[PDB]
Amino acid sequence: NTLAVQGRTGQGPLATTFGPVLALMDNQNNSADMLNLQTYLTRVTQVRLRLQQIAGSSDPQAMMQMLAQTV
Amino acid sequence: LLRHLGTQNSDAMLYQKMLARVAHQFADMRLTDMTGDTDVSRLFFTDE
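These protein sequence lines map, in sequence, to chains D and A. If you want our numbering, it's the position in the first sequence, counting the first as 1, plus 17. If you want our numbering, it's the position in the second sequence, counting the first as 1, plus 1.
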């Protein structure tokens, strides 16, 4: 958001080179569907849940290998 | 003789050019996709 303050106007299209970086904050992804930062932070939370599960009091020396075969 | 037909048919359609006059005083074309909330409405859920 600090990087989103100082590049909103061209000063739409951005006359500075903060163009493609501010295409990640919320670009309203009209058919250029590569990634949004809203979606990418959700995939971090799934890995947070899975890495919390193995440490979750189920002998994590075993549950890690119990996940390591799934890869 | 034809002007009265041109004003009686205008009784449904002189408002239609007045409708175009109000159309040009409004910039609200399409309500900019029927804007729901601070949800994205282009990431999913009739996105486009």
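Backbone N, C-alpha and C define an ideal beta-carbon position, used for all residues, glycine too.
- By the rule that beta-carbons nearer than 8 angstroms mark a contact, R31/A does not touch chain D.
- Contact between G29/D and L39/D is absent: CB atoms are separated by about 11 angstroms, not below the 8 angstroms threshold.
- At a cut-off of 8 angstroms between beta-carbon atoms, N18/D makes no contact with chain A.
- At a C-beta separation below 8 angstroms, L44/A has these neighbours in chain D: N46, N53, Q55 and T56.
- In this structure, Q55/D lies near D43/D, with their beta-carbon atoms less than 8 angstroms apart.
- In the three-state reduction of the DSSP assignment, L32/A falls in the helix class.
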